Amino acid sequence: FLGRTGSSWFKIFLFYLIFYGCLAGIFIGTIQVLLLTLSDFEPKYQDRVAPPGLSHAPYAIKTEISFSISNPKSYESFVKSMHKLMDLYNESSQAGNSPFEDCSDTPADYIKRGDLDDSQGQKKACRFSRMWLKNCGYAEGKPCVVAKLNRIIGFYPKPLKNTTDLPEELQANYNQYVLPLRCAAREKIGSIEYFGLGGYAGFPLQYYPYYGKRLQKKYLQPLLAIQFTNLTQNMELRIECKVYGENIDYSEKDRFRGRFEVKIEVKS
C-alpha cells in the first residue's frame, strides 16, 4: 500500500489500539486518585477568588450600557439579563420551611449552620424578596442597575468600623451588620439612589457564610438595586460602584475586584 503489507498494517493497528487503550486507562486512573483527594463540599484552594468580585445584571457590551429612551428595542437587550436574574428571586421559588427560612427584615449578624458537613440536610438559606428592591419592564429612562457580591464558601464579609474617616462619612452607618456600596464618578452630574434589604445601601450579613452548592442549593445571595435618575443626557458617564470592607480589596488589572465599571449613556 503506502507503507506496509496488510499483515503489517494489522499489527500496527492491534498495537496502537492496546497501547492507546492502556494510556486512556492510566490517564483515567490518575484522574480517579485526584478526585479521591478532594472534598465534595469545599474546594482545596480559595486564594484565587479571595477578594470577592462585584458583578451586575445589565450585560455590558464593554463595561457599558448605552441606549435611547425614545426607542423601545434600544434597552430591551439589557432588560433580558435584568429579568434573568430577578426571575430567580420569585416568591413561588421560595416556598415552605424547606429549604428556606424567614430572616430579620433588618440587616443582622452572621448565621452558622455548623460545619461544611453532610451531618445535616440542606443548610437552610435566608429568604430574599425582590420586593425589597423598590422602584425595580424596568427603567426605560435612567436605568435601575442591580449589584451582587460574588459567592465564596465560608466567606464572612466584614464591614469597616467607624474608627476613623470614611467616604460616606458616618451616614446611616450600620457599622455592625452592613457591607456598604457607594457609587461615584468632580463629574458629579447624576443622582444616586440605592435600594436593598432593610432599606440600606449594603448587603445584610445574615446571608453568610455561604455553604456551597452541594450543601446549599436554591440558596439566595443578597442584591442591591441602584438607580441613576441623573438629570443629564447624551453623554458617556463613567460610574464606579465600590464596596467597602475588611475582606474587600481591589486591583488595577481586575476592574471587577469588589467594584463596578459602568458607562451609562441615555442618548435620547
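Throughout, we count residues from 1 along the sequence that is shown.
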* Structure fact -> In the entry, residues of the deposited sequence missing between residue 136 and residue 137 amount to 4 to 9
* Where residue 185 meets residue 186 in the shown sequence, the number of deposited residues left unmodelled -> 4 to 9
* So 188-196 or 150-158, which one's hotter by mean CA B-factor in the entry? -> 188-196
* Asked: If you average the CA temperature factors over each stretch, which comes out higher, 27-35 or 221-229?
  -> 221-229
* Asked: Hey, out of 206, 46, 66, 216, whose CA B-factor is highest in the deposited coordinates?
  -> 66
* Asked: Which third of the chain does residue 235 land in by C-alpha B-factor: lowest, middle or highest?
  -> highest
